[PDB]
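A.B. asks: Protein chains in written order, with the authors' numbering: chain A, 28 to 70; chain B, 22 to 310; chain C, 138 to 274, 323 to 681; chain D, 818 to 953; chain E, 1 to 51.
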Amino acid sequence: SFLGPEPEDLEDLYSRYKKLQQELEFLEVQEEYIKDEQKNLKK
Amino acid sequence: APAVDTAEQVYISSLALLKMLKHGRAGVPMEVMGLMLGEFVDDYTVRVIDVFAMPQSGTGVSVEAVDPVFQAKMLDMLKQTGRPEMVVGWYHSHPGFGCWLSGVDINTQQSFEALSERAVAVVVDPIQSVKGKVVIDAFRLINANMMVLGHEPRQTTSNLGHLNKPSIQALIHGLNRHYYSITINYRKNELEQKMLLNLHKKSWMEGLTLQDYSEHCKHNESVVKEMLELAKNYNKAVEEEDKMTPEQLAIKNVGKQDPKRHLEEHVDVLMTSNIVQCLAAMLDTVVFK
Amino acid sequence: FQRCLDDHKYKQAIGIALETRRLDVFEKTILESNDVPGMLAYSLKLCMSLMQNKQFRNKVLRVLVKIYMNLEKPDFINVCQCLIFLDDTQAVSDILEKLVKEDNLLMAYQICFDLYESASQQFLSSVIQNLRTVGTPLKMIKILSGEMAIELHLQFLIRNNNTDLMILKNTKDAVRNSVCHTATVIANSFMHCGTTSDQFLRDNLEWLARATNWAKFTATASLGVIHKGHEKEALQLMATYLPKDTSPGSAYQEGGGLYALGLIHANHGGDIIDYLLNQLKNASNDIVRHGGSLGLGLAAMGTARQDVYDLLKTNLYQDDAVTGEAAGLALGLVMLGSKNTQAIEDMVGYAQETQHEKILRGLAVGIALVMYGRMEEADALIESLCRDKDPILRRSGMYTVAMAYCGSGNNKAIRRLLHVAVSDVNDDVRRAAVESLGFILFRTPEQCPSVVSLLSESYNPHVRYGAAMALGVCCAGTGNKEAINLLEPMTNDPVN
Amino acid sequence: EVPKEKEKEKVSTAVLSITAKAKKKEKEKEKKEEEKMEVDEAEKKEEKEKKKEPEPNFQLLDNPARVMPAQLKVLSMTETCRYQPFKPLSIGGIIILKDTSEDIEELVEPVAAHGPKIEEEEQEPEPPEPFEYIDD
Amino acid sequence: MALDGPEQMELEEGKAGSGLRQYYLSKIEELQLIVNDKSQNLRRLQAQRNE
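1) Let me check understanding here. Comparing Cα to Cα, which of C:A606, C:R546 and C:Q540 lies closest to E568 (chain C)?
2) DSSP three-state call for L56 (chain B): helix, strand or coil?
3) Roughly how many angstroms lie between the CA atoms of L187 (chain C) and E667 (chain C), to the nearest whole one?
4) Given a threshold of 16 other Cβ atoms within 10 Å of its Cβ, counted over all protein chains shown, does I203 (chain B) qualify as buried or as exposed?
5) Please go through the segment 176 to 219 of chain C and give each complete beta strand (DSSP E) segment of 3 or more residues, from N-terminal end onward.
6) Please tell me whether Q65 (chain A) has its Cβ less than 8 Å away from any Cβ of chain E.
7) If you run the structure through DSSP and keep just helix, strand and coil, what is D36 (chain A)?
8) Counting only Cβ pairs nearer than 8 Å, list the residues of chain E close to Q149 (chain C).
9) Starting from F133 (chain B), trace the alpha helix (DSSP H) in both directions and tell me its first and last residue.
10) Using a Cβ-Cβ distance cut-off of 8 Å, determine whether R600 (chain C) contacts chain A.
11) Can you find a CB in chain B that lies within less than 8 Å of the CB of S363 (chain C)?
12) So, for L268 (chain C): in the same chain, excluding its five sequence neighbours on each side, which residues have a beta-carbon less than 6 Å away from its beta-carbon?
13) Run through DSSP, which three-state label would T66 (chain B) get?
14) Out of C:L223, C:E336, C:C249 and C:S330, state which residue places its alpha-carbon closest to the alpha-carbon of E946 (chain D).
15) To which residues does DSSP link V108 (chain B) through a beta bridge?
16) So, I552 (chain C) versus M532 (chain C), is the Cβ gap smaller than 8 Å?
17) Express the C-alpha separation of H604 (chain C) and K209 (chain B) in angstroms, rounding to a whole number.
18) Just by C-beta distance, which residues in the segment 487 to 515 of chain C are closer than 9 Å to chain E?
19) Which partner residues of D305 (chain B) appear in the DSSP bridge assignment?
20) Comparing alpha-carbon positions, which option in C:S382, C:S363, C:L323 and C:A368 lies nearest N347 (chain C)?
21) Should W225 (chain B) go down as buried or exposed, given a rule of 16 or more other Cβ atoms within 10 Å for buried?
22) Could you spell out the range, first to last residue, of the beta strand (DSSP E) harbouring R44 (chain E)?
23) Please compile the residues from chain C whose C-beta is within a distance smaller than 7 Å of the C-beta of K70 (chain A).
24) Compare the C-beta of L54 (chain A) against all C-beta atoms of chain C and say whether one is closer than 8 Å.
25) Does at least one heavy atom of the ligand PLP sit under 7 Å from the Cβ of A587 (chain C)?
26) Distance check for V288 (chain B) and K239 (chain B), CA to CA, integer angstroms please.
27) When the cut-off is 8 Å and only beta carbons count, does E138 (chain B) lie next to chain C?
28) Go through the segment 225 to 272 of chain C residue by residue and report every complete run of the alpha helix (DSSP H) that reaches 4 residues or more, in order.
29) Assess contact between the segment 54 to 73 of chain B and the segment 181 to 192 of chain B, defined as three or more Cβ pairs (one per stretch) separated by less than 8 Å. Is contact present?
30) Let me check understanding here. Comparing Cα to Cα, which of C:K238, C:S363 and C:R199 lies closest to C219 (chain C)?
31) Taking only the alpha-carbon atoms, compute the straight-line gap between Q214 (chain B) and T539 (chain C) and give it to the nearest angstrom.
32) Let's see if you can read the secondary structure: which residues bound the beta strand (DSSP E) around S34 (chain B)?
33) With DSSP as the reference, label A140 (chain B) as helix, strand or coil.
34) Whose Cβ in chain C lies nearer than 7 Å to the Cβ of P34 (chain A)?
35) Let me make sure I understand the geometry here. Which of B:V25, B:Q92, B:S34 and B:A22 has the alpha-carbon closest to that of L56 (chain B)?
36) Quick check on the DSSP output: what are the complete beta strand (DSSP E) runs of length 3 or more inside the segment 428 to 463 of chain C, in order along the chain?
Okay, structure coming up:
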């Protein structure tokens, strides 16, 4: 918000969360497939 | 005791496996056998293309069961087809026993071994089976001493192996003496897989078909009448069922013969049945005219 | 961007650049020698971990070496990181040219050594030649060959005797003669890598003889691990198992010996390539040559030369089985590193064509090996191998994607693998999906246990196998607490 | 640890206990005016060493690192400090200037071979070993 | 953070540029909500299959 250390703290949060987001894209792909795997468990 | 042997991985084709099931079911309970046709490829792989049978006899799974007359006769004809195939081994079925060979059966395996040492005996079980994965085992069959020494795992290399028990400790012991379960792989693909998939093209007529309206009414009546009977228990069910212990619940609120399970089951048949009949009648109307 | 520059925050500057995916903003004016060390290296790493975009990552890396080189101090840890992905001859080459003028030979030696270990093996063979042409002084060039690197490590391992002999003694005393003796010989050998243990070899000569079949070949081959990169007493003792000196014993022992000879020379193999290459051509048969071709490939590993490959290619066409498996494996080992168009085309068709089971196994793994860090081409291969009649080809296809993708994750590769496995109850594919994960997710090493926690529940022993293999590879260097616990039920389950 | 070496210790232990207990138990002294007790039982046991920890180290995960801020020095060609991979902060420590090897390439420090400029300063000798060539 | 208030101008030090970071976080914060919903959903399917 400032030029102050507030954007430094926000930066570190931002940085780490960005790395996390990638991790989360993968978890979405599994979530979609799990639905078909449950249907498949029955067979 | 030292010897330099290799194990035979048995590659059974889809065509071949299905015929082995066919023969074995038919033979019941009397044990029946047959010869396997195939090819010897690589340095251990015997592949079973197809199987034919040697006669059904009560003298089955024996040297005797084997018919010189069948074998010659087929082989002349096979030359014409443009497939004269090698005898990779012999299959038999035990539906009186499991995967433990009989006493005659060990001698019979040996005779095949003299002809081609790439010979195996595959045991097919359909009512002495504990698995619906097709209880089949493979044996080359080698002596007792080889197990005792621990030589027999040196010879098997290029194997994974496996152990199952259709029928108790006695079978396990018989298996160990032989050569135990040597790995069976399958040669299969999508074209063969699609053939097996099928049911009815007649599904074409049936999806559209709906019955007489009087019949639609019979179904609806029978279900509503049924639902009345169970309803009286249902009142109790919702009022109570604090119990979560299956045996106590069963006596208390007629938990076994439950009104919830059955009433739901009933609403669901009636709904689906009415939808497909109704949906078809209307579809046909528009389209034909 | 101008406003952050004014404040002088190196961190804010890179962050805005990172999101925009723009080169101009990224290009430094807050690190044109304004505090030279430390700062570049964090950014490279970030571009890898954060992005899955190949275009942005490659552009930023290339330019960065060239500006950094120019600054008052170049720092090499960062330049190696750029170089391994790109495989550019220029990056290393420019960095050494400044170092020649200042006459600081040691600074240069340090880079060459690191490069051997980290960077793709084929790239390493090419540069040796390249440095002579560029005109840098031989001493640095020697280190870069890696012949020096292996030996410097070897010197320490042998003399200190880092692996204790004691650990090997318990295994030998305890275990009986059955399949179990064969097992022991491989166990001691694998633990005592890079330091001599002749004591085991001579004493339990008997055990080696007792084994029959492929298992006998495997015992003799283990000798090659113990005597890794040596040429003192190590060679002498090994010689006797090979036909080179007294007591070659059985045929299986001759082949495990030629293989052990190749394994020792592995990827420093040059002197050995002529000797082995000749034996394999003339005979093109026997157990002894099967072990030689196996050895020839390992020695040749990485320079991606057409000559060795072509000579091996004929042996497959001739279609003698025994040798066939070794030649099949070997194609993949030499081409290793980066795409090579001829290897991919001959191996796919030939593997599919044959019903010779071991040729089929050798050739199948070999198609995967040649790829590494060339993501997109592999997408084509894997589907075709999976559709085929052969079960083996299905498992090899997973390997194909795992390698091509290992470099940075993407969504594409995991998604492809995942659909096949859920759809069907087919064992061969179901293991393949889960397996494939560890290599690609490598960048954030936590992730592989995340996907695998749902997959390890599966009752299929196939999936359960595949879940364990995946966890193994990803976590290998930088571990996780979660990975350890997932492995425990697999151990428990009774399937083999 | 070797089976034979430990087998010696167990055997020794067992002989003293059995032999001493044999005489001690049988003797009669309680009834006697000597009173050293008619029964006295004799058990001696051994112990084995446990994992050693000289001066604390910090353990996180399975450990691909493990450090302490208090330093000791160790020689090259003698890594008896058997490193976990991905510790750059412990190899060379945080960069050396106490040694002959002075960093002129800063915090590059691989866990494998680091040999920067040895001509900047001299604080100790440097024997060459031709041993790696010999092996070669 | 702050409700309002300019701290040493847009031009002088360049408070707005560093300032943009706080707004980029509104996006990650917006994402944090879906992650939670996503976690429950994945678990319900998993628990369902597992039994």
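Beta carbons: idealized from backbone N, C-alpha and C, even for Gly.
C.D. replies: If we stick to the structure as given:
1) C:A606
2) strand
3) 23 Å
4) buried
5) none
6) yes
7) helix
8) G17, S18 and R21
9) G124 to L136
10) yes
11) yes
12) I326
13) strand
14) C:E336
15) B:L58
16) yes
17) 21 Å
18) none
19) BP columns for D305 (chain B) are empty, so no partner.
20) C:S382
21) exposed
22) Premise fails: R44 (chain E) lies in the alpha helix (DSSP H), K15 to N50, not in any beta strand (DSSP E).
23) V610
24) yes
25) Questions concerning the ligand PLP fall outside what the structure shown contains, since it holds no ligand whatsoever.
26) 15 Å
27) no
28) 226 to 239, 242 to 255 and 258 to 271
29) no
30) C:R199
31) 22 Å
32) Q30 to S34
33) coil
34) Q149
35) B:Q92
36) none
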